[PDB]
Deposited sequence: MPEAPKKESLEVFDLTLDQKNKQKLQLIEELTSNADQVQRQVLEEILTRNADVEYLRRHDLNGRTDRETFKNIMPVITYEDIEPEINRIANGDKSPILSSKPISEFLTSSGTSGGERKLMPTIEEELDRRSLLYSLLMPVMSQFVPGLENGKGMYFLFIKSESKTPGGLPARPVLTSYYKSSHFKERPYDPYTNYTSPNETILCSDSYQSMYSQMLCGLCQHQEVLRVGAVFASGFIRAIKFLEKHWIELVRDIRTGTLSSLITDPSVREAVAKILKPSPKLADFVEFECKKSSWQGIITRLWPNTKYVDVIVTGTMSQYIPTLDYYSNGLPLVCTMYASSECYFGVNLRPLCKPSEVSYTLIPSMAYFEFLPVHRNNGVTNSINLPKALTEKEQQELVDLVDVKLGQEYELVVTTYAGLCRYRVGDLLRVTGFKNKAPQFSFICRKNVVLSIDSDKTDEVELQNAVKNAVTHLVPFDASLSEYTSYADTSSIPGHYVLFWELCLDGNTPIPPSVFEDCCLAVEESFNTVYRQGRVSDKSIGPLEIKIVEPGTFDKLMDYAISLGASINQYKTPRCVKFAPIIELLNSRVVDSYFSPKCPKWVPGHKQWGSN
């Protein structure tokens, strides 16, 4: 019987009693945090009931509780948001004033993250058999850490999770037996982390029954890493000796238990990697792979054709929906189509509310959301976030017993995204305005521009299309356009700049100069589909393949900066 059946029954119990669980969660939070400064400031006066909470407590954004956050981050240890000690800040990919948002968490929250993860394979065991008889090849990575002036860790939620006893000291689980040893995941050197993970995956290739990464982008980068380094990898496999470039002793102690001299495997890997076409290479190097486990909902959907290419059309699986401030839900139907993914929110994670979005107690509870209606996700967490707006838009597609299921629509205001980076229109506009100052000495200027997330390169990069207006009589040298590139990048927020400098999840920004009349063609094309002259601006971003092919066909010159933007871990202040 055991675990799977119990976990599946737990899902039944939680979703059949969703409203009661939601109530018990809110009651527990307000009872614990009854005396914290934030609740007392709003005069909640020790009350714990739903009606009081919804009538009294305001619906907030990050900027609303930043003074509380800063105070805690500066070392104020009084109960301001939470009665249990804030153990760390989980730095979100979402920003504020260019800097990562600091999400308070408490130690207890790891239990709830682990509960969520423990649901995944029992759910999957209903759709794909035999996964306990083999391994999963996942490429998992830690990121830069930082510390608040008061001494609290500030780091991404997965970096926090991987380094915790819940992952680093976890027991052997046959349904989640990874090819990557903990030492290779927890390696601070990102090159060594990637190389050793790729090697271990190759060494255990016949046992691999599934592959992936947290994000589509992450898995694509691992494939590209093999494209560049397979010769070194084949040499390691052939001789049974790990590359001396791997200097980390914990790494390589771990590899040494896995790596054995095997010219037969080396010949096999060489054979496949030598081939000019890498179409379907996943199903050749790892022939027992049943699916690809990566997020391809949200902006990550742009990577579907790339994964399909390398996998020869294996099923793409989206298992979960979660964030820094709170873990949310699970896909109860993982082998569905990527366009039909819905996430069932787990009612014991947090108190969930929903702000209706239309094309006086305003909020609607989890069980009262309406089929087909769009909402903004609003959360009340154990660490003291009260009715915080996530910025995620969701649509109800159905119900699991009493618990609703949501397709993910978007994170609000995201224009450009390659990996976890999110660039909005204001950021983009500001960035382009800082870069055009470089065209002033040449008495040139920008007439019009647009952008796209270029996925043809690994890692992806931002592309800007620039149509200039030249009034002077001196050509602009490549060095100045390269200055323009860098200037754009320097104006982007810290997550973008971290992706460029530290995580290598983003390639150099490219500016493509297009010939005169190019954006005229765009408009003409934009009217043949969708034809509103009155309401027409050249869009800040484009995404439709024929439009992009049109713009690329009219490129006169392109430029990247050889330089990287500034980046320093932690908040500016």
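**Student:** Would you mind checking the deposited sequence against the model and listing the stretches with no C-alpha coordinates?
**Tutor:** Several regions go unmodelled: 1-17, 377-394, 609-612.
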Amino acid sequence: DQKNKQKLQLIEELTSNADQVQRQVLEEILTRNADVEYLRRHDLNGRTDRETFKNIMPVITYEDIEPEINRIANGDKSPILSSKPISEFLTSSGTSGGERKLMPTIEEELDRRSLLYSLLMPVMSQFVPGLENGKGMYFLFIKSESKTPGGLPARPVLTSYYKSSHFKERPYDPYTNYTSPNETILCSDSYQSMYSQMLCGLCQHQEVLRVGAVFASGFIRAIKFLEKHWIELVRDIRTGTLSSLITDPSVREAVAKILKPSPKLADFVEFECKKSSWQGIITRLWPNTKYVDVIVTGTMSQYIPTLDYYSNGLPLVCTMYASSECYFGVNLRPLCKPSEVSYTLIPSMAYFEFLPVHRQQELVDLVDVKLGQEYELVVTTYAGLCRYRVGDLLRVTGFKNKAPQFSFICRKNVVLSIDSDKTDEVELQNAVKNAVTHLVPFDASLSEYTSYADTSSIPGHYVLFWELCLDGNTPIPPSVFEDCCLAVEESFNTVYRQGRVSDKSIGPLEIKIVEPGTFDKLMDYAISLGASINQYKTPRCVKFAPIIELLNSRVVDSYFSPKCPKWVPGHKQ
From here on, numbers count along this sequence of modelled residues.
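**Student:** Would you tell me which stretch averages the higher CA B-factor in the PDB entry, 401-409 or 429-437?
**Tutor:** Per the PDB entry, the higher value belongs to 429-437.
**Student:** Give the stretch, out of 177-185 and 477-485, with the larger mean C-alpha temperature factor in the deposited entry.
**Tutor:** Looking at the recorded C-alpha B-factors, 477-485 comes out higher on average.
**Student:** Using the entry's values, work out which of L44, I511, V59, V542 has the largest Cα B factor.
**Tutor:** Most elevated C-alpha B-factor of the set, per the entry: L44.
**Student:** Taking the chain's C-alpha temperature factors as the reference, tell me which third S445 falls into: lowest, middle or highest.
**Tutor:** It belongs to the highest third of the chain when residues are ordered by C-alpha B-factor.
**Student:** Can you work out whether the C-alpha temperature factor of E376 puts it in the lowest, middle or highest third of the chain?
**Tutor:** According to the entry, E376 has a C-alpha B-factor in the chain's lowest third.
**Student:** Looking at the C-alpha B-factor of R221, is it in the lowest, middle or highest third of its chain?
**Tutor:** For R221, whose C-alpha B-factor we compare with every modelled residue in the chain, the answer is the lowest third.
**Student:** Using the B-factors in the PDB entry, rank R359's C-alpha atom against the chain and give the third, lowest, middle or highest.
**Tutor:** Within its chain, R359 is a highest-third residue by C-alpha B-factor, going by the deposited values.
**Student:** Lowest, middle or highest third: where is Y321 by Cα B-factor in its chain?
**Tutor:** Lowest third of the chain for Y321's C-alpha B-factor.
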